[PDB]
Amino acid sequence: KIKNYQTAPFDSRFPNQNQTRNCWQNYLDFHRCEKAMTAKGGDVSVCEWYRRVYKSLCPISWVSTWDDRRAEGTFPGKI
């Protein structure tokens, strides 16, 4: 499969104008996948897809604050 692409494709789970959760979900999925693969001595490249997608869709400010929070221990999502 390809970890190289054009842009986040259409996702039937988020078919409407409000794409807020698309960014959010893909951002979570990544860090959740990053943990497992980086913890159980596995392959972190499986998680690449999600990072591309969330990177494409998420505003820089959101990604920055969420990262600052994951480091601070105050990230509200469950990772």
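Quick note: we count residues from 1 along the sequence shown, nothing fancier. By rigid core we mean the largest C-alpha set that fits within 1.5 Å across both forms.
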Figure out for me whether 69 to 77 or 1 to 9 is the more displaced stretch in 7 other deposited structures of this protein, taking RMS C-alpha distance from the shown form once the rigid core is superposed.
1 to 9
Relative to this form, superposed by the core, which stretch has the greater CA RMS in 7 other deposited structures of this protein: 37 to 45 or 24 to 32?
37 to 45
Between 1 to 9 and 70 to 78, the record assigns the higher mean Cα B factor to 1 to 9
Mean temperature factor over C-alpha atoms, higher-scoring stretch between 24 to 32 and 41 to 49:
41 to 49
